[PDB]
Amino acid sequence: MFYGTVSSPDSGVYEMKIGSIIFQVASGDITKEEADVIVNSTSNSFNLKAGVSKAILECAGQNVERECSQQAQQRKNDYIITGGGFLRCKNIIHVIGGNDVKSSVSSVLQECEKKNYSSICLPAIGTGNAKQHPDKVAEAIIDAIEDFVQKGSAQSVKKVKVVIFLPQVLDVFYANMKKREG
Ligand SMILES: CC(C)NC(=O)c1ccc2ccccc2n1
Ligand SMILES: [Cl-]
Ligand SMILES: [Cl-]
């Protein structure tokens, strides 16, 4: 009902349509990307500095670190939204790596529609310190996007890209795309 064809538009990038959204995967350093929103996969304290979270907090800078710990003490949050700091984005959405990945991605998509944003870049959420299995993480990310499209919710969001630290995890995402393709 939804899936287009898998192709490679640029070296190391793989893409397919999911309804009106372009879904892409690539390996690399997510802190070098430009998008309306970049997603961080962190702890329930929003102060982890290991793996992807280390790179994101160090690049973003100390004002973003302090925004995080200020919101964490105010209430119990499933995720938090901060400024971009010195990353090339309008906002960072910090999700909890150990939480249900489909739920986390659904929340990111909803928040981006609320701001009329068009582009999102995320890591392989949960595959770092949280040690969720890559096969289950890929299935959950793509399922969230399918559900969002099926419900008629995609209006401003046009591009969702997963930038993945390890090439071996990229292989798992590409196999999942080929399983789904029209
Ligand atoms: C070798 C291993 C311990 N490093 C990591 O897990 C890791 C993850 C994401 C990164 C993003 C930018 C830069 C370095 C990064 N390193
Ligand atoms: Cl994680
Ligand atoms: Cl990753």
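Throughout, numbering of the chain's residues begins at 1 and tracks the sequence. Keep in mind that the numbers below use all heavy atoms, side chains included, and drop hydrogens, waters and symmetry copies. We count ligands from 1, going down the list as the structure has it; atoms in each ligand are counted the same way.
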Trainee: Check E33 with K161, please: is the shortest side-chain N to carboxylate O separation under 4.0 Å?
Mentor: yes
Trainee: As a test of reading the model: which residues have a non-hydrogen atom less than 4.0 Å away from ligand 1?
Mentor: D29, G51, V52, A55, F165
Trainee: A quick test of your reading: do over 12 heavy atoms of other residues, nucleotides or ligands sit less than 6.0 Å from CD of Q110?
Mentor: no
Trainee: Using a strict cut-off of less than 4.0 Å between a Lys/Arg side-chain nitrogen and an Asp/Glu carboxylate oxygen, indicate whether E181 and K178 qualify as a salt bridge.
Mentor: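 Looking at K178 together with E181, the answer is yes, because their closest N to O distance falls below 4.0 Å.
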Trainee: May I ask you to say whether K179 pairs ionically with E139, meaning some side-chain N is under 4.0 Å from a carboxylate O?
Mentor: yes
Trainee: Counting only heavy atoms not in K32 (residues, nucleotides, ligands), do more than 12 fall under 6.0 Å from its NZ?
Mentor: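 Open: at most 12 neighbouring heavy atoms sit under 6.0 Å from NZ of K32.
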Trainee: Before accepting this row, confirm whether a basic side-chain N of the pair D143/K102 lies closer than 4.0 Å to the acidic partner's carboxylate O.
Mentor: no
